[PDB]
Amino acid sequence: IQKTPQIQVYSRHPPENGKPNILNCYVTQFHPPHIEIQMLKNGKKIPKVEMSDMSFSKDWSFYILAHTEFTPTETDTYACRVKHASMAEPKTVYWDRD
């Protein structure tokens, strides 16, 4: 039976505007093992997005890490949009630096 994916978006290293970095989209606890992941910059699709192998967790669920190279600025927004059969609509989670 289906489980809804949890989505977390975060930088690989401590973020600094103008410094090259990696933005991660960590997608966990979903089922069935079919996911669709898109990463967005200012609402527009990022062409080169890397995905790890899908993994199985002990709680009978799957997870995967997507990421893309980026150079953060003050005004650029980043987001991860995810499609999965447990969700009627795609789910978007914006990068929040804090």
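Residue indices: 1-based, along the sequence shown. C-alpha atoms forming the largest set that superposes within 1.5 Å between two forms make up the rigid core.
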item: Greater Cα displacement in 4 other deposited structures of this protein once the core is superposed, comparing 34 to 42 with 53 to 61; value: 53 to 61
item: Selected stretch [higher average CA B-factor]: 24 to 32 or 54 to 62; value: 54 to 62
item: Stretch with the higher entry mean CA B-factor, where the candidates are 87 to 95 and 4 to 12; value: 87 to 95
item: Third assignment of residue 45 from its chain's C-alpha B-factors; value: highest
